[PDB]
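Here is the structure we will look at, set down as structure tokens.
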Amino acid sequence: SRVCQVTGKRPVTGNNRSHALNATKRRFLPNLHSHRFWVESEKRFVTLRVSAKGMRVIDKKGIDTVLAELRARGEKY
Amino acid sequence: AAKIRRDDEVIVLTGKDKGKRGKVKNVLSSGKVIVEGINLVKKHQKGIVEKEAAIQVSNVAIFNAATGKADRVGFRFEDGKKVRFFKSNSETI
Amino acid sequence: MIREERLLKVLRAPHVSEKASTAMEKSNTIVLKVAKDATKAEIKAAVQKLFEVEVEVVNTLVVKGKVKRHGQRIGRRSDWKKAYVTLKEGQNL
Amino acid sequence: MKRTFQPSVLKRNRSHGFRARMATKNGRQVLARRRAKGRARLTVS
Amino acid sequence: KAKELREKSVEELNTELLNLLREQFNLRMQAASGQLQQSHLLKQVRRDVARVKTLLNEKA
RNA sequence: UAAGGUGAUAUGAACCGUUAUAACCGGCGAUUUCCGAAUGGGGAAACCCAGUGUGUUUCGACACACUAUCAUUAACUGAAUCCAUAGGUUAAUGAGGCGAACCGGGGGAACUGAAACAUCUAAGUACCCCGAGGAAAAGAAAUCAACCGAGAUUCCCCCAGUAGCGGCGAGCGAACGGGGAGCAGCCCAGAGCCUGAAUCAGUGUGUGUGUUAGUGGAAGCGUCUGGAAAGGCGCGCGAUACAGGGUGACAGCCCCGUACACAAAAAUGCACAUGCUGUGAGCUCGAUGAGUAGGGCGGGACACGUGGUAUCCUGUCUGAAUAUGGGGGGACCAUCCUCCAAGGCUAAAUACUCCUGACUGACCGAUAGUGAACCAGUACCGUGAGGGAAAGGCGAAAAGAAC
RNA sequence: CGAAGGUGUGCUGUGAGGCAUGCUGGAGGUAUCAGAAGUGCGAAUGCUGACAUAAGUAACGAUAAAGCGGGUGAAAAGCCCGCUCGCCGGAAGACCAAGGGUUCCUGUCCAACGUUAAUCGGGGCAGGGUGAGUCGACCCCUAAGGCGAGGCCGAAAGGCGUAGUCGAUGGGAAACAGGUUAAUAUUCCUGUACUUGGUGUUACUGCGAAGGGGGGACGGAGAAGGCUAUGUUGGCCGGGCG
RNA sequence: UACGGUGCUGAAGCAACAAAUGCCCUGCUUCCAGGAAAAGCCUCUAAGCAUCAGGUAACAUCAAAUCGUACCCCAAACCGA
Ligand SMILES: [K+]
Ligand SMILES: [K+]
Ligand SMILES: [K+]
Ligand SMILES: [K+]
Ligand SMILES: [K+]
Ligand SMILES: [K+]
Ligand SMILES: [K+]
Ligand SMILES: [K+]
Ligand SMILES: [K+]
Ligand SMILES: [K+]
Ligand SMILES: [K+]
Ligand SMILES: [K+]
Ligand SMILES: [K+]
Ligand SMILES: [K+]
Ligand SMILES: [K+]
Ligand SMILES: [K+]
Ligand SMILES: [K+]
Ligand SMILES: [K+]
Ligand SMILES: [Mg+2]
Ligand SMILES: [Mg+2]
Ligand SMILES: [Mg+2]
Ligand SMILES: [Mg+2]
Ligand SMILES: [Mg+2]
Ligand SMILES: [Mg+2]
Ligand SMILES: [Mg+2]
Ligand SMILES: [Mg+2]
Ligand SMILES: [Mg+2]
Ligand SMILES: [Mg+2]
Ligand SMILES: [Mg+2]
Ligand SMILES: [Mg+2]
Ligand SMILES: [Mg+2]
Ligand SMILES: [Mg+2]
Ligand SMILES: [Mg+2]
Ligand SMILES: [Mg+2]
Ligand SMILES: [Mg+2]
Ligand SMILES: [Mg+2]
Ligand SMILES: [Mg+2]
Ligand SMILES: [Mg+2]
Ligand SMILES: [Mg+2]
Ligand SMILES: [Mg+2]
Ligand SMILES: [Mg+2]
Ligand SMILES: [Mg+2]
Ligand SMILES: [Mg+2]
Ligand SMILES: [Mg+2]
Ligand SMILES: [Mg+2]
Ligand SMILES: [Mg+2]
Ligand SMILES: [Mg+2]
Ligand SMILES: [Mg+2]
Ligand SMILES: [Mg+2]
Ligand SMILES: [Mg+2]
Ligand SMILES: [Mg+2]
Ligand SMILES: [Mg+2]
Ligand SMILES: [Mg+2]
Ligand SMILES: [Mg+2]
Ligand SMILES: [Mg+2]
Ligand SMILES: [Mg+2]
Ligand SMILES: [Mg+2]
Ligand SMILES: [Mg+2]
Ligand SMILES: [Mg+2]
Ligand SMILES: [Mg+2]
Ligand SMILES: [Mg+2]
Ligand SMILES: [Mg+2]
Ligand SMILES: [Mg+2]
Ligand SMILES: [Mg+2]
Ligand SMILES: [Mg+2]
Ligand SMILES: [Mg+2]
Ligand SMILES: [Mg+2]
Ligand SMILES: [Mg+2]
Ligand SMILES: [Mg+2]
Ligand SMILES: [Mg+2]
Ligand SMILES: [Mg+2]
Ligand SMILES: [Mg+2]
Ligand SMILES: [Mg+2]
Ligand SMILES: [Mg+2]
């Protein structure tokens, strides 16, 4: 599914609104990218499907802290 | 417990045989009794046979031979065991 | 080898009919009603043990029960198993 | 003339039988509805 | 007859069980032939088998 | 608990029992085929076919048990690849499926109304999906208020069809504040001193108190009509019992009950009591939730349709100060007041009834009331989902009509 | 010592109505004054049930066709038996699959069912009847296709698919003739066979798969030769002399 | 004969000719549109076992379960009330 493994961002629903205010249902998808993250503690690459936002979280917190959070949830990688 | 029992002498309170006496031959689970010589019917048996029809148990009373009248039954415990007694004179049946 | 408990439940009844009587006189074959789940091996063992005869062969069939009206309501008799048990020549059950 | 019902027990059972009903959520909902209604015969089986 | 059967051992109860099952077989054959007037014996033996099996299970 | 009994249509047969192992009722056990989550593999449900281990064999075979999947944990093992990791096998523990409503969440119509119709409405309704519990959710102020003060959440009555929103149309529609129901507060983000004091869970065991069978339970006769009396007439009696039902017509006193008084070997809910097991309170000193608040863009939620639009949520791009600090007070600024987000738990008042017991009705009485008073979700119809009836009354007693 | 309801009759009010009473009925009814409504039916091509009309009318379902004698019976155009006639005969015969499920056979019954009668029936009731190493299924094997551990994907539900595992309409061992029941028969019996596997006894001996190879293993059309099923005729045998 | 059907016994039982759309034939000839799969089966060895198991043939013996089997089936029994 289109779910960020770091943040849990997923598709949300809302409306397209025309100039005449016609509402049609749409989705907003996360900006997801499969990315190979270097885990220097483990000396290997871990691939995560992450939002661009999730990538900024990894930059801020570090991959070790993030993977520990994933292990606590039971999110496997 | 049942106030009327098989082999009790009873007197008929109600119906065509009111006042007649007889022995309880059989007690039915329907709340009826066969009383000997009471409530006779002529059955057309595939001969014409005379036999007792069941009577409502509330239409017979225990017959008190001492007073010579219909009586009511009560229950009490004498020496551990439950006994029946005549309400009129308090004597164990 | 079959346990005696099992053998005492497999044979249900002798089957009585003109075909059964003829089977006995002409072909030395007894016809039995047997348990629905009885095998030819179990029937053979049970006959040899309990009737004290020597069995040549067992043929079996399942009789499908008849659909029958009792008053208005529809019912169905049970299926049952018939065994044609051929005895050896000089057994004489 | 050839009418619409051309019976085949194999096709009957594969299309509508108990195991066909059990194979999908929507088939299991059929069985749930029929049990709730109190049907004597849940399926064609 | 559970009080009497409870005095026995597993060996004796197993002996008693086969005796009852043999009796049950013989009565069944008599009943099928129409030489059993006493139909009440069928229930008696059936319930006796149940008693022995109950007590064997209790001791097991 | 008992003098009767072996469920019904449904008689019979063959029996069992009467002072206690007949039957019946209740507690606790035993047994509990096959299908079905169905779980050893398969399968057109109620069937077909195995493996492994044990035990027993009359050598033909037989019996019993285990063997699904996923998750977590552990052990043994183990690639590309050196270490390793992936992977493999076994073990333990848990899950799975079903269920009427209520509850939280993920999605989410249209008819319709606007006397057309697109904004708007219907409506976050119907419906689909996920998850839970006896309730759920919410909850201990970055809340309101207005310079006076209040003091978590929830529910009810007001405020008020008001203020507002609105093709300012149709419609939508608060809050502040007041009256009530109920009431309760805590913990982590951490070291120290100190003992394990507070109190919540699992497992006990006495003490009550209910639940699951039961026990006793008052007092009426005569006469008239009649097929029959419980009715009429006469004269009595009980009542902490004249609730109700039955009995050959309408019975306080014929029967079953009722008021009232009692009862449990066994299992069990609850409430306190004191153990054991884990849990640690108190105090001083310190700490105080960042890709967050806020912003830009798009949308959604707020009664509030972008409007002069505060506040909340966030798909996307960004991005603080962190108590000498920060949030809010309906554009915005200043002043003043008030609160402390980015961690969490928490009873009660509230919602509902598949189901169990008791009781009630200016509710129905067989075309009514459930579709169904009756062997009805049946017969019957349909490939299927699904649809779906009709049909009650002899008599007091079968005395159901011998001949 | 006769309630409601039903059905008559009489009286009565301006009306909706009311009162009385005979018969039926056989256990309920309810003044008055108030109170509440599922409160009044002729229509809605209204709804359900009952019953009319047309009408003893149309029709009795292939124009293959009947006739007679005897039987049984309450009764015979229809059943049974017989003789004759007619109809089908690449079927209107015979055997099956599919589908149905006792309709099969025997006895008994004729209400209903059978477009008539019915003694008859696929109708009612009862009893009987389906016998396998070799036929088929199950089973081994796969096709299309289905499901699918992990996996990849998807708001949820789910979608796809690997290893696998299912799935015949296809591939895979073996039985024939005769006889027999009211009703089964390549299943029973008689005679004569065959297949696969397990165990043991003897002999000789490289056996061993989840792998390799072979095989299984495949089209349309056409042509002709060799055959058999089968038929015809003769011979033979039995019977015939119209 | 219980007139439905049984019992008893039983001769000849050969040849010629004709002849399939059936068999030889999953053949042969020919054509283009170029005609399943997998197992059983045969054979080869690997790891392995190694004078043991296993293989091969004859001989003997045991096993071959379970379910279907009635009846209609171009039809009065199936699909069409
Ligand atoms: K609309
Ligand atoms: K309109
Ligand atoms: K009286
Ligand atoms: K009475
Ligand atoms: K009473
Ligand atoms: K932001
Ligand atoms: K401030
Ligand atoms: K109805
Ligand atoms: K009247
Ligand atoms: K009144
Ligand atoms: K009308
Ligand atoms: K007419
Ligand atoms: K006629
Ligand atoms: K077979
Ligand atoms: K099988
Ligand atoms: K002539
Ligand atoms: K057959
Ligand atoms: K067929
Ligand atoms: Mg819309
Ligand atoms: Mg045989
Ligand atoms: Mg068979
Ligand atoms: Mg399974
Ligand atoms: Mg299984
Ligand atoms: Mg399998
Ligand atoms: Mg409109
Ligand atoms: Mg619960
Ligand atoms: Mg909660
Ligand atoms: Mg202040
Ligand atoms: Mg009592
Ligand atoms: Mg009393
Ligand atoms: Mg009466
Ligand atoms: Mg904070
Ligand atoms: Mg804010
Ligand atoms: Mg923001
Ligand atoms: Mg803003
Ligand atoms: Mg914005
Ligand atoms: Mg918006
Ligand atoms: Mg505006
Ligand atoms: Mg502000
Ligand atoms: Mg927030
Ligand atoms: Mg009704
Ligand atoms: Mg009526
Ligand atoms: Mg049907
Ligand atoms: Mg009655
Ligand atoms: Mg009335
Ligand atoms: Mg009148
Ligand atoms: Mg009305
Ligand atoms: Mg009318
Ligand atoms: Mg009108
Ligand atoms: Mg008409
Ligand atoms: Mg006319
Ligand atoms: Mg005419
Ligand atoms: Mg005519
Ligand atoms: Mg005709
Ligand atoms: Mg004639
Ligand atoms: Mg004719
Ligand atoms: Mg004829
Ligand atoms: Mg029938
Ligand atoms: Mg017939
Ligand atoms: Mg007729
Ligand atoms: Mg007639
Ligand atoms: Mg018939
Ligand atoms: Mg075969
Ligand atoms: Mg496939
Ligand atoms: Mg798939
Ligand atoms: Mg999966
Ligand atoms: Mg397969
Ligand atoms: Mg096939
Ligand atoms: Mg036949
Ligand atoms: Mg060809
Ligand atoms: Mg020839
Ligand atoms: Mg001659
Ligand atoms: Mg041809
Ligand atoms: Mg046949």
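Keep in mind that the numbers below use all heavy atoms, side chains included, and drop hydrogens, waters and symmetry copies. Throughout, a chain's letter reflects where its sequence line sits, starting with A, and its residues are numbered from 1.
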Whether [X] contacts [N] is assessed here as follows: a side-chain N or O lying under 4.0 Å from the phosphate OP1 or OP2. Is that the case?
X	N	answer
D:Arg34	F:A385	yes
D:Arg33	F:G386	yes
D:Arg41	F:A379	yes
A:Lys61	F:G291	yes
B:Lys82	F:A2	yes
A:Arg56	F:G319	yes
B:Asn59	F:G248	yes
A:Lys25	F:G108	yes
B:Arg5	F:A3	yes

Near RNA chain G, under 4.0 Å by heavy atom, which residues of residues 16-41 of chain E?
->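 Result for residues 16-41 of chain E: none.
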
So which of residues 10-17 of chain A are in contact with RNA chain G, with a heavy-atom cut-off of under 4.0 Å?
->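 Under 4.0 Å from RNA chain G: A:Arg10, A:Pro11.
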
[X] [atom1] to [N] [atom2]: how many Å, rounded?
X	N	atom1	atom2	answer
C:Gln72	F:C374	CD	P	18 Å
B:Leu28	F:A397	CG	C1'	13 Å
C:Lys44	H:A63	NZ	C1'	11 Å

Mind telling me if [N] is north or south by its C1'-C2'-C3'-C4' torsion?
N	result
G:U9	north
F:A45	north
F:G280	south

Looking across every strand, which nucleic acid part, if any, lies under 4.0 Å from [X] by heavy atom: base, sugar-phosphate, or nothing?
X	value
D:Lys25	sugar-phosphate
B:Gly15	base
B:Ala61	nothing
C:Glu5	nothing
A:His19	nothing
D:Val30	sugar-phosphate
C:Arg76	nothing

Under the salt bridge (charged side-chain N to carboxylate O under 4.0 Å, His left out) test, residues paired with E:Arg6 that sit two or more places apart |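 Partners of E:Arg6 by the salt bridge (charged side-chain N to carboxylate O under 4.0 Å, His left out) criterion, ordered by chain and then number, come out as E:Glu58.
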
A:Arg10: what forms a salt bridge (charged side-chain N to carboxylate O under 4.0 Å, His left out) with it, not counting sequence neighbours?
->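 Result, salt bridge (charged side-chain N to carboxylate O under 4.0 Å, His left out) vs A:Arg10: none returned.
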
If the sugar-phosphate is the primed atoms plus P, OP1 and OP2 and the base is the rest, what is the B/S/- string for nucleotides 25-30 of chain F, using protein heavy atoms under 4.0 Å?
-> -----S

Reading nucleotides 66-81 of chain H 5' to 3', which nucleotides get B (base under 4.0 Å from a protein heavy atom), which S (sugar-phosphate only), which -?
-> SSSS---------SS-

Scan every strand shown for a Watson-Crick or G-U wobble partner of [N], both distances under 3.5 Å, and answer none if you come up empty.
N	result
F:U211	F:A267
G:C135	H:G68
G:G179	G:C188

Short heteroatom pairs, N/O only, protein and nucleotides 217-220 of chain F, under 3.5 Å:
unit_1: F:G217; atom_1: OP1; unit_2: B:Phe75; atom_2: N; d: 2.8
unit_1: F:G217; atom_1: OP1; unit_2: B:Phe75; atom_2: O; d: 3.4
unit_1: F:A218; atom_1: OP1; unit_2: B:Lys87; atom_2: NZ; d: 2.8
unit_1: F:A218; atom_1: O5'; unit_2: B:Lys87; atom_2: NZ; d: 3.3
unit_1: F:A219; atom_1: OP2; unit_2: B:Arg72; atom_2: NH2; d: 3.1
unit_1: F:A219; atom_1: OP2; unit_2: B:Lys87; atom_2: NZ; d: 2.9
unit_1: F:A219; atom_1: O5'; unit_2: B:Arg72; atom_2: NH2; d: 3.0
unit_1: F:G220; atom_1: OP2; unit_2: B:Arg72; atom_2: NH1; d: 3.2
unit_1: F:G220; atom_1: OP2; unit_2: B:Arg72; atom_2: NH2; d: 2.9
unit_1: F:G220; atom_1: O5'; unit_2: B:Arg72; atom_2: NH1; d: 3.2

Polar-atom pairs under 3.5 Å, protein N or O versus N or O of nucleotides 20-24 of chain F: list them with distances, or write none.
unit_1: F:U21; atom_1: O4; unit_2: E:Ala2; atom_2: N; d: 3.0
unit_1: F:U21; atom_1: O4; unit_2: E:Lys3; atom_2: N; d: 2.7

For the pair E:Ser33 (side chain) and E:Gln35 (backbone), establish whether a donor and an acceptor sit closer than 3.5 Å, ignoring hydrogens and angles.
->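 Such a contact is absent between E:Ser33 side chain and E:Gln35 backbone.
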
On RNA chain G, reading 5' to 3', which nucleotide is the first and which the last to sit with an atom under 4.0 Å from a heavy atom of chain A, could you check?
->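 Span of nucleotides near chain A: G:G154 to G:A156.
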
May I ask you to decide whether B:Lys3 forms a salt bridge with B:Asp8, counting only side-chain N to carboxylate O separations under 4.0 Å?
->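 Looking at B:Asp8 together with B:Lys3, the answer is no, because their closest N to O distance does not fall below 4.0 Å.
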
Please list, chain by chain and in numerical order, all residues satisfying ring-ring contact (aromatic ring centres under 6.0 Å, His included) with D:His16, sequence neighbours excluded.
->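 With sequence neighbours excluded, D:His16 shows a ring-ring contact (aromatic ring centres under 6.0 Å, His included) to no residue whatsoever.
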
G-U wobble or Watson-Crick pair formed by G:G151 and G:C160 (both under 3.5 Å) =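 G:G151 and G:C160 meet the Watson-Crick or G-U wobble geometry.
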
Should F:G280 and F:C304 count as paired, given that a pair must be Watson-Crick or G-U wobble and both distances must be under 3.5 Å?
->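 When the criterion is applied, F:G280 and F:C304 do not count as a base pair.
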
Is any N or O donor-acceptor pair between the side chain of A:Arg26 and the base of F:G300 shorter than 3.5 Å?
->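 No, no donor-acceptor pair under 3.5 Å.
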
Stacking check A:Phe28 vs F:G315 (5.5 Å / 30 deg) =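 Here A:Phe28 fails the 5.5 Å or the 30° condition.
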
What do the steps show when you test C:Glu18 against C:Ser21 for side chain to side chain donor-acceptor pair (under 3.5 Å), and what is the final call?
-> CA-CA 5 Å; C:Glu18 293 180 52; C:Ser21 293; over 6 Å; no

Return the polar atom pairs (N/O with N/O) between nucleotides 78-83 of chain F and the protein under 3.5 Å, or none.
none

Show me the protein contacts with nucleotides 401-403 of chain F, counting only N or O atoms at under 3.5 Å.
unit_1: F:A402; atom_1: OP1; unit_2: B:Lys46; atom_2: NZ; d: 3.2
unit_1: F:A402; atom_1: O2'; unit_2: B:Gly47; atom_2: N; d: 3.0

